[PDB]
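Just below is one structure, and these are the notes that go with it.
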Amino acid sequence: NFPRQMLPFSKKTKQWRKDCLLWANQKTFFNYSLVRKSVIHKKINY
Amino acid sequence: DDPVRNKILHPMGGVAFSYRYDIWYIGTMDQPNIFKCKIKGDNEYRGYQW
Amino acid sequence: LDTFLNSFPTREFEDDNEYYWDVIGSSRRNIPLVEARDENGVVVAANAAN
Amino acid sequence: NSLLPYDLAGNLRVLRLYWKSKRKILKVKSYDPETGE
Amino acid sequence: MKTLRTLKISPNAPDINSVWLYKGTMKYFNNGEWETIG
Amino acid sequence: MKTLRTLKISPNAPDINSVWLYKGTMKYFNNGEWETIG
Amino acid sequence: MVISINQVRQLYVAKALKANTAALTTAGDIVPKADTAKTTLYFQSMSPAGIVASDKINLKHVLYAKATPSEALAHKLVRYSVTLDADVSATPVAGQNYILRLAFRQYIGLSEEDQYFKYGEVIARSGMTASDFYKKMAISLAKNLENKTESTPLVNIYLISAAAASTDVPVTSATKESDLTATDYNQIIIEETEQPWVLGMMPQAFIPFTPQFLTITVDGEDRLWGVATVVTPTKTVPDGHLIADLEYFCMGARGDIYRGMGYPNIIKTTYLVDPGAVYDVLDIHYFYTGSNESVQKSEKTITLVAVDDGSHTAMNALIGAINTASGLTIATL
């Protein structure tokens with residue numbers, strides 16, 4: 001659950017900038033994009 | 001202290017899991033001891049059947 | 001519980017099979033005695049001379 | 001290593017996130033003092 | 001488990017946490033009563 | 001009202017503000033004399 | 001209350017058996033109808049405003065049919081026998097304060113985190129025997145728990161004398177010491193009690209507890225005071241409030257989904273389950289299949305509900321009416 005981006009700039013506090021990054025290192029296993037190949041497919045090519 | 005998962009009560013009040021002592025790090029291992037396991041290129045599944 | 005499982009790192013693996021890690025002790029050891037024989041080959045028991 | 005904090009080579013995992021937030025802005029219709037533009 | 005620091009010589013009952021000394025008795029508080037030694 | 005605080009293990013008699021303890025005779029100072037407890 | 005369904009659930013109330021479509025004259029009958037080659041079973045019930053039928057149960061497509069009695073659908077109220085621990089002291093210690101804590105766990109909410117605590121306190125004095133102690137702590141617990149002011153019924157507390165050893169004498173917040181006159185009181189039993197029930201708005205749920213004891217200093221080492229044993233129950237809450245709340249949901253499959261939402265304008269349905277009588281429940285769980293490539297199933301169920309007199313006279317006549325009409329070996333209960 002990525003925190004809400006629809007906030008006034010005073011409500012984009014210091015903990016809110018950590019919540020977007022604690023989301024990032026949890027969903028950094030994710031690499032799916034609909035115009036890219038897999039990580040294991042490119043690793044076989046390299 | 002979680003009373004929904006911990007169901008055995010202790011004779012001295014509260015759940016019996018509260019009386020469990022755990023020392024998680026004895027010294028510095030020079031590498032991460034406890035971590036979690038994932039697979040490279042394993043996005044978790046979501047699939048609709050409609 | 002989820003804040004307990006967030007003080008741990010994560011290692012992404014290449015396969016979904018069993019994974020191993022190798023543990024080591026030391027190299028220098030002491031060896032127990034079996035018996036001590038004197039020069040003619042008869043064992044030296046407790047009630048014996050030098 | 002692939003999400004470990006350090007590396008056995010001796011390096012630090014640097015995770016740079018870039019993301020498009022949403023900013024509230026105002027469009028203001030102001031009149032020119034000189035001409036009616 | 002229960003420390004008693006003081007000993008009080010008096011003909012009256014001093015305190016739960018002290019020892020009551022009379023003529024030839026040494027009574028202390030135990031089990032809700034004054035228990036004598038001897 | 002006399003409040004004794006220390007207990008002395010001695011073969012002879014200690015100062016009068018303490019309990020004389022020797023071999024099983026708890027002795028304390030009462031009425032001018034060392035009066036045994038037991 | 002709201003239950004889970006296996007893609008549908010419908011209930012029919014069986015007040016009597018008529019065995020023919022033309023003999024349906026009173027609201028609440030049931031007629032298990034079928035044809036000569038036993039391939040379709042269906043239940044023609046007389047609603048208060050005309051004859052209704054069921055879904056046509058394909059008899060090659062039934063999965064189970066098992067009818068449960070009313071004694072297996074009753075919630076048993078737990079008991080806790082609170083005695084003096086004979087290890088610490090057989091008689092109460094003449095100086096210590098004797099406290100007992102009752103730890104409730106589903107108070108107000110449903111989660112085991114919505115906890116609630118009540119207490120009982122009796123200071124033990126010199127010369128107080130064990131029967132005089134239980135005579136004091138049955139009053140002190142009932143002054144908290146069974147008071148006139150508490151918003152919910154928490155527990156029922158009784159005393160047991162050693163001569164009778166089975167008959168419970170009730171203690172309440174208004175009972176005085178002169179009513180309990182016995183020198184052989186040996187335990188205090190704390191029994192659960194029935195929370196209030198509102199039809200279709202308050203489900204039947206109970207508050208569980210645990211009598212937990214507070215420490216008393218016996219020989220200079222602080223030792224826990226009492227022991228609590230679960231005693232096999234003697235009082236059950238019957239099946240009346242569970243099947244009125246089960247009809248109320250499964251009438252919404254055949255009818256209106258909203259029951260009073262906006263009240264100048266509602267469609268009232270008349271219910272046939274009396275909430276003061278016990279009932280037996282038979283469930284024929286079936287499915288549907290098209291005779292083509294659409295082999296994916298659609299599970300269903302029906303529920304038939306009949307009044308129980310203890311010997312199951314109304315329901316075993318209904319199972320005897322289904323087995324000979326449709327050719328299932330539904331177990332006589």
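Ordering of the structure tokens sets the chain letters (A, B, ...), residue numbers begin anew at 1 in every chain, and ligands are numbered from 1 in the order given.
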Residues near residue F:23, cut-off 10 Å, only C-alpha atoms, skip fewer than 4 positions along chain, as a PDB file with N, CA and C atoms, in the first residue's frame:
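And here is the file that came out, out00.pdb:
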```pdb
ATOM      1  N   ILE F   9      28.286 -12.363  65.878  1.00  0.00           N
ATOM      2  CA  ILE F   9      28.669 -13.743  66.161  1.00  0.00           C
ATOM      3  C   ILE F   9      30.029 -13.686  66.846  1.00  0.00           C
ATOM      4  N   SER F  10      30.040 -13.848  68.164  1.00  0.00           N
ATOM      5  CA  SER F  10      31.274 -13.698  68.917  1.00  0.00           C
ATOM      6  C   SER F  10      31.274 -14.682  70.074  1.00  0.00           C
ATOM      7  N   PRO F  11      32.442 -15.207  70.456  1.00  0.00           N
ATOM      8  CA  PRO F  11      32.506 -16.042  71.664  1.00  0.00           C
ATOM      9  C   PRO F  11      32.353 -15.250  72.945  1.00  0.00           C
TER      10      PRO F  11
END
```
Practice task
Pick out the chain C residues within 6 Å of chain B. Count only C-alpha atoms. Give them as a list in words.
Solution key: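 Matching residues, ligands excluded from the count: residues 8, 9, 10, 11, 12, 13 and 14 of chain C.
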Could you write out the selected residues, including C-alpha atoms, as a short mmCIF file (atom, residue, chain, number, x, y, z; two decimals), in the first residue's frame?
```
data_model
loop_
_atom_site.label_atom_id
_atom_site.label_comp_id
_atom_site.auth_asym_id
_atom_site.auth_seq_id
_atom_site.Cartn_x
_atom_site.Cartn_y
_atom_site.Cartn_z
CA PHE C 8 15.17 -8.65 8.96
CA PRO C 9 16.89 -8.34 5.57
CA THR C 10 16.03 -10.44 2.52
CA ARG C 11 18.09 -12.66 0.22
CA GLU C 12 16.74 -13.41 -3.24
CA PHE C 13 17.57 -16.91 -4.45
CA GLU C 14 18.02 -18.26 -7.96
#
```
Any chance you could dump chain E, least-squares fitted to chain F on all C-alpha atoms in order, as a short mmCIF file (atom, residue, chain, number, x, y, z; two decimals) with N, CA and C atoms, in the first residue's frame?
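Once everything was written out, this is result-v4.cif:
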```cif
data_model
loop_
_atom_site.label_atom_id
_atom_site.label_comp_id
_atom_site.auth_asym_id
_atom_site.auth_seq_id
_atom_site.Cartn_x
_atom_site.Cartn_y
_atom_site.Cartn_z
N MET E 1 11.02 1.15 70.53
CA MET E 1 11.36 1.59 71.87
C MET E 1 12.84 1.37 72.11
N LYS E 2 13.39 0.31 71.50
CA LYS E 2 14.84 0.11 71.45
C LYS E 2 15.14 -0.75 70.24
N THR E 3 15.70 -0.14 69.20
CA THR E 3 16.00 -0.85 67.96
C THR E 3 17.38 -1.49 68.02
N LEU E 4 17.48 -2.71 67.50
CA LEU E 4 18.74 -3.44 67.41
C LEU E 4 19.00 -3.74 65.94
N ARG E 5 19.99 -3.08 65.35
CA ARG E 5 20.22 -3.20 63.92
C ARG E 5 21.16 -4.33 63.52
N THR E 6 22.08 -4.72 64.39
CA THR E 6 23.14 -5.64 64.01
C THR E 6 23.14 -6.90 64.87
N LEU E 7 23.62 -7.99 64.28
CA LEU E 7 23.79 -9.26 64.96
C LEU E 7 25.25 -9.68 64.81
N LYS E 8 25.91 -9.97 65.93
CA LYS E 8 27.34 -10.26 65.93
C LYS E 8 27.57 -11.65 66.48
N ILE E 9 28.13 -12.53 65.65
CA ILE E 9 28.53 -13.87 66.06
C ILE E 9 29.94 -13.77 66.63
N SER E 10 30.08 -14.01 67.93
CA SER E 10 31.37 -13.99 68.60
C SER E 10 31.24 -14.75 69.91
N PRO E 11 32.33 -15.33 70.42
CA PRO E 11 32.30 -15.90 71.77
C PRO E 11 32.37 -14.87 72.89
N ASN E 12 32.50 -13.58 72.58
CA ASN E 12 32.56 -12.52 73.57
C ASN E 12 31.32 -11.64 73.47
N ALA E 13 31.08 -10.87 74.54
CA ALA E 13 29.93 -9.97 74.60
C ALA E 13 30.19 -8.71 73.79
N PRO E 14 29.53 -8.53 72.63
CA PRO E 14 29.89 -7.44 71.72
C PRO E 14 29.56 -6.03 72.19
N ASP E 15 28.30 -5.77 72.52
CA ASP E 15 27.79 -4.41 72.63
C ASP E 15 26.38 -4.49 73.22
N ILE E 16 25.96 -3.40 73.87
CA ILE E 16 24.59 -3.30 74.38
C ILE E 16 23.58 -3.33 73.24
N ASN E 17 23.90 -2.69 72.12
CA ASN E 17 22.96 -2.52 71.01
C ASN E 17 23.23 -3.47 69.85
N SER E 18 23.64 -4.69 70.15
CA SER E 18 23.74 -5.74 69.14
C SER E 18 23.44 -7.07 69.83
N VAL E 19 23.30 -8.12 69.02
CA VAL E 19 22.86 -9.42 69.50
C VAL E 19 24.04 -10.38 69.52
N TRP E 20 24.25 -11.03 70.66
CA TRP E 20 25.37 -11.94 70.88
C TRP E 20 24.95 -13.35 70.46
N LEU E 21 25.53 -13.84 69.37
CA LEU E 21 25.23 -15.19 68.89
C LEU E 21 26.39 -16.12 69.21
N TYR E 22 26.10 -17.18 69.95
CA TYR E 22 26.97 -18.31 70.22
C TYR E 22 26.38 -19.53 69.51
N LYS E 23 26.85 -20.72 69.88
CA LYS E 23 26.49 -22.00 69.26
C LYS E 23 24.99 -22.23 69.13
N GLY E 24 24.29 -22.34 70.25
CA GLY E 24 22.85 -22.53 70.20
C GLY E 24 22.09 -21.52 71.03
N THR E 25 22.73 -20.39 71.32
CA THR E 25 22.13 -19.32 72.11
C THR E 25 22.05 -18.05 71.28
N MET E 26 21.06 -17.22 71.59
CA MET E 26 20.90 -15.91 70.97
C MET E 26 20.60 -14.94 72.10
N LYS E 27 21.64 -14.38 72.69
CA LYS E 27 21.49 -13.55 73.87
C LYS E 27 21.52 -12.07 73.49
N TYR E 28 20.64 -11.30 74.12
CA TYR E 28 20.53 -9.87 73.89
C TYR E 28 20.42 -9.16 75.23
N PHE E 29 20.74 -7.87 75.24
CA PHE E 29 20.79 -7.11 76.48
C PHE E 29 19.39 -6.69 76.89
N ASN E 30 18.99 -7.05 78.11
CA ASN E 30 17.70 -6.66 78.66
C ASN E 30 17.77 -6.73 80.17
N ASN E 31 17.24 -5.70 80.84
CA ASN E 31 17.16 -5.59 82.30
C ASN E 31 18.54 -5.66 82.96
N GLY E 32 19.58 -5.18 82.27
CA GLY E 32 20.92 -5.21 82.82
C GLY E 32 21.58 -6.57 82.84
N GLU E 33 21.20 -7.47 81.93
CA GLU E 33 21.76 -8.81 81.86
C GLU E 33 21.55 -9.32 80.44
N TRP E 34 22.29 -10.34 80.05
CA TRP E 34 22.12 -10.95 78.74
C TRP E 34 21.02 -12.00 78.81
N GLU E 35 19.90 -11.73 78.14
CA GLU E 35 18.74 -12.61 78.16
C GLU E 35 18.75 -13.50 76.92
N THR E 36 18.62 -14.80 77.13
CA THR E 36 18.70 -15.76 76.04
C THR E 36 17.31 -16.11 75.51
N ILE E 37 17.25 -16.41 74.22
CA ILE E 37 16.03 -16.88 73.57
C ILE E 37 16.13 -18.38 73.39
N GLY E 38 15.01 -19.07 73.57
CA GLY E 38 14.96 -20.51 73.38
C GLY E 38 14.08 -21.22 74.39
#
```
Practice task
Name the residues in contact with residue D:13 at a cut-off of 8 Å, using only C-alpha atoms, excluding same-chain residues fewer than 3 positions from it; report them as JSON, numbers by chain.
Solution key: {"D": [3, 4, 5, 6, 7]}
Just write the chosen residues, N, CA, C and O atoms, as a PDB file, in the first residue's frame.
```
ATOM      1  N   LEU D   3      18.994  -8.401  -1.741  1.00  0.00           N
ATOM      2  CA  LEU D   3      18.402  -7.330  -0.943  1.00  0.00           C
ATOM      3  C   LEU D   3      19.108  -7.224   0.414  1.00  0.00           C
ATOM      4  O   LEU D   3      18.614  -6.547   1.322  1.00  0.00           O
ATOM      5  N   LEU D   4      20.285  -7.828   0.556  1.00  0.00           N
ATOM      6  CA  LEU D   4      21.033  -7.749   1.802  1.00  0.00           C
ATOM      7  C   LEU D   4      21.589  -6.336   2.000  1.00  0.00           C
ATOM      8  O   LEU D   4      21.834  -5.626   1.024  1.00  0.00           O
ATOM      9  N   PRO D   5      21.754  -5.890   3.256  1.00  0.00           N
ATOM     10  CA  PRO D   5      22.195  -4.506   3.484  1.00  0.00           C
ATOM     11  C   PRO D   5      23.621  -4.247   3.057  1.00  0.00           C
ATOM     12  O   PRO D   5      23.932  -3.142   2.603  1.00  0.00           O
ATOM     13  N   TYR D   6      24.486  -5.239   3.183  1.00  0.00           N
ATOM     14  CA  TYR D   6      25.892  -5.144   2.846  1.00  0.00           C
ATOM     15  C   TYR D   6      26.160  -6.100   1.697  1.00  0.00           C
ATOM     16  O   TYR D   6      25.243  -6.662   1.103  1.00  0.00           O
ATOM     17  N   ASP D   7      27.433  -6.278   1.388  1.00  0.00           N
ATOM     18  CA  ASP D   7      27.857  -7.253   0.404  1.00  0.00           C
ATOM     19  C   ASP D   7      29.086  -7.955   0.952  1.00  0.00           C
ATOM     20  O   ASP D   7      29.876  -7.359   1.687  1.00  0.00           O
TER      21      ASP D   7
END
```
Produce a table with one row for each residue of stretch 65-88 of chain G that has an atom at most 8 Å from any atom of stretch 215-236 of chain G, each row naming the nearest atom pair and its distance in Å at one decimal; use only C-alpha atoms; arrange rows by chain and rising residue number; format as a Markdown table.
```
| residue | atom | partner | partner_atom | distance |
| --- | --- | --- | --- | --- |
| G:74 | CA | G:236 | CA | 6.0 |
| G:75 | CA | G:236 | CA | 5.5 |
| G:76 | CA | G:236 | CA | 4.4 |
| G:77 | CA | G:236 | CA | 5.8 |
| G:78 | CA | G:233 | CA | 5.6 |
| G:79 | CA | G:231 | CA | 5.2 |
| G:80 | CA | G:230 | CA | 4.7 |
| G:81 | CA | G:229 | CA | 5.2 |
| G:82 | CA | G:228 | CA | 4.8 |
| G:83 | CA | G:227 | CA | 6.0 |
| G:84 | CA | G:226 | CA | 5.1 |
| G:85 | CA | G:226 | CA | 4.8 |
| G:88 | CA | G:218 | CA | 6.8 |
```
Dump as a compact mmCIF listing (two decimals), in the first residue's frame, selection limited to C-alpha atoms:
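As a result, again_18.txt now contains:
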```txt
# COMPACT_ATOMS: atom_id res chain seq x y z
CA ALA G 74 -26.99 -26.13 21.73
CA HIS G 75 -24.19 -24.05 23.26
CA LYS G 76 -23.00 -25.43 26.61
CA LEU G 77 -22.20 -22.81 29.24
CA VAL G 78 -18.82 -23.52 30.83
CA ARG G 79 -18.29 -23.85 34.58
CA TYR G 80 -15.17 -23.13 36.63
CA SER G 81 -14.82 -24.68 40.08
CA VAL G 82 -12.78 -22.29 42.23
CA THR G 83 -11.46 -23.87 45.44
CA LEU G 84 -8.79 -23.05 47.99
CA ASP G 85 -5.41 -24.54 47.13
CA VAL G 88 -0.44 -23.37 50.19
```
Exercise for the section: Please determine the contact residues of chain A with respect to chain C at a cut-off of 12 Å, counting only C-alpha atoms, and supply them as a PyMOL selection string. Expected result: chain A and resi 22-23+25-30+39-40+43
Exercise for the section: With a distance cut-off of 10 Å and only C-alpha atoms, select the neighbouring residues of residue G:277, excluding the residue or stretch itself and same-chain residues fewer than 2 positions from it, and output the selection as an NGL selection string. Expected result: :G and (238-241 or 243-244 or 273-275 or 279 or 307-309)
Find the residues of chain A that sit at most 9 Å from chain D; for each, write down the nearest two atoms and how far apart they are in Å, to one decimal. Count only C-alpha atoms. Sort by chain, then by number going up, and give it as a tab-separated table.
```
residue	atom	partner	partner_atom	distance
A:4	CA	D:21	CA	9.0
A:5	CA	D:21	CA	5.4
A:6	CA	D:22	CA	5.8
A:7	CA	D:23	CA	7.6
A:8	CA	D:24	CA	6.9
A:9	CA	D:23	CA	7.6
A:20	CA	D:17	CA	8.5
A:21	CA	D:17	CA	7.0
A:24	CA	D:17	CA	7.0
A:25	CA	D:15	CA	7.5
A:28	CA	D:3	CA	8.3
A:29	CA	D:3	CA	8.6
```
Emit the selected residues as a PDB file, in the first residue's frame, including N, CA and C atoms.
```pdb
ATOM      1  N   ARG A   4      -0.555   7.965   0.303  1.00  0.00           N
ATOM      2  CA  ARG A   4      -1.337   8.859  -0.535  1.00  0.00           C
ATOM      3  C   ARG A   4      -0.486  10.013  -1.037  1.00  0.00           C
ATOM      4  N   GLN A   5      -0.500  10.223  -2.349  1.00  0.00           N
ATOM      5  CA  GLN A   5       0.222  11.321  -2.969  1.00  0.00           C
ATOM      6  C   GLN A   5      -0.621  12.578  -3.088  1.00  0.00           C
ATOM      7  N   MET A   6      -1.921  12.480  -2.834  1.00  0.00           N
ATOM      8  CA  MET A   6      -2.847  13.594  -3.019  1.00  0.00           C
ATOM      9  C   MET A   6      -3.004  14.339  -1.693  1.00  0.00           C
ATOM     10  N   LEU A   7      -1.949  15.062  -1.335  1.00  0.00           N
ATOM     11  CA  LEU A   7      -1.852  15.756  -0.062  1.00  0.00           C
ATOM     12  C   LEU A   7      -1.299  17.151  -0.296  1.00  0.00           C
ATOM     13  N   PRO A   8      -1.607  18.106   0.578  1.00  0.00           N
ATOM     14  CA  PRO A   8      -0.872  19.371   0.558  1.00  0.00           C
ATOM     15  C   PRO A   8       0.560  19.153   1.007  1.00  0.00           C
ATOM     16  N   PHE A   9       1.435  20.078   0.600  1.00  0.00           N
ATOM     17  CA  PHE A   9       2.870  19.891   0.787  1.00  0.00           C
ATOM     18  C   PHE A   9       3.287  19.938   2.248  1.00  0.00           C
ATOM     19  N   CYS A  20       7.232   5.946   1.641  1.00  0.00           N
ATOM     20  CA  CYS A  20       7.381   5.635   0.229  1.00  0.00           C
ATOM     21  C   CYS A  20       8.640   4.821  -0.027  1.00  0.00           C
ATOM     22  N   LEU A  21       9.641   4.933   0.844  1.00  0.00           N
ATOM     23  CA  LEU A  21      10.866   4.157   0.697  1.00  0.00           C
ATOM     24  C   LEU A  21      10.801   2.809   1.398  1.00  0.00           C
ATOM     25  N   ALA A  24       9.356   0.809  -0.962  1.00  0.00           N
ATOM     26  CA  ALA A  24      10.221   0.502  -2.097  1.00  0.00           C
ATOM     27  C   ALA A  24      11.090  -0.724  -1.839  1.00  0.00           C
ATOM     28  N   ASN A  25      11.665  -0.856  -0.644  1.00  0.00           N
ATOM     29  CA  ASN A  25      12.497  -2.027  -0.385  1.00  0.00           C
ATOM     30  C   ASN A  25      11.693  -3.267  -0.028  1.00  0.00           C
ATOM     31  N   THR A  28      10.728  -4.374  -4.104  1.00  0.00           N
ATOM     32  CA  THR A  28      11.855  -4.326  -5.023  1.00  0.00           C
ATOM     33  C   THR A  28      12.160  -5.682  -5.641  1.00  0.00           C
ATOM     34  N   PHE A  29      11.465  -6.737  -5.208  1.00  0.00           N
ATOM     35  CA  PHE A  29      11.464  -8.001  -5.937  1.00  0.00           C
ATOM     36  C   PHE A  29      10.710  -7.892  -7.252  1.00  0.00           C
TER      37      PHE A  29
END
```
